[PDB]
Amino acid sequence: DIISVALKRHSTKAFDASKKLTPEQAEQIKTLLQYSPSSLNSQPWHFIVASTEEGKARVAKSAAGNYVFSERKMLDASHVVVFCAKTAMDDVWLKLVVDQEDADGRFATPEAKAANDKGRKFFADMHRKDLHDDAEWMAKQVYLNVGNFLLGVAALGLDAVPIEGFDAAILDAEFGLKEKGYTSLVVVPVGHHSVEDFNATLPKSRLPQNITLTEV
């Protein structure tokens, strides 16, 4: 039951450095990142999946100094995913999405294809020119992906933790993201928790529905 999963998952505070994902699980986590939905199917994202110790070290540089509790989590875990957002929306990226939709056989005619591209241009241009929010709007889609991912990995029976506690500037420069047109937003170490994870046996806490939720 997916509710069981939601009610039992937690942010892992410590991972077992000897516990690695199976080859199949590593396939599955990539599938989840890929198939997240997104406004307009714009998919405005890059993922860095670090599974080597050298790889994870490069990511963990972003936590050295000020985020050092995040460091252990990034280094101990089997796989560390950096979620990145496109910085500006390029008409090349919109073309590449609609051509992918076409290749997959989503459009019955070229009329259908041109109409999809036109719609996508309209909203994308609205974010950039009008609302001046295209970076933010693209970042929101990455956070949607994160939410999808966390539940997904929890349902696979894997431990994870979302981390905003890292230096985006450091991690960007470590992978040359600014120049490729990306920016790191969230790091998600994935694996199996150790006996040092105090949060594994703590009760979940949420505000009551009568505060957060109106039924009409």
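Sequential numbering from 1, following the sequence displayed.
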item	value
Mean temperature factor over C-alpha atoms, higher-scoring stretch between 177-185 and 36-44	177-185
Stretch with the higher entry mean CA B-factor, where the candidates are 147-155 and 160-168	160-168
Deposited CA B-factor, highest of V190, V68, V49, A26	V68
Position of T87 among the chain's modelled residues by C-alpha B-factor, lowest, middle or highest third	highest
For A139, the third of its chain into which the C-alpha B factor falls	lowest
Third of the chain, ranked by Cα B-factor, where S18 sits	highest
Lowest, middle or highest third - CA B-factor, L207	lowest
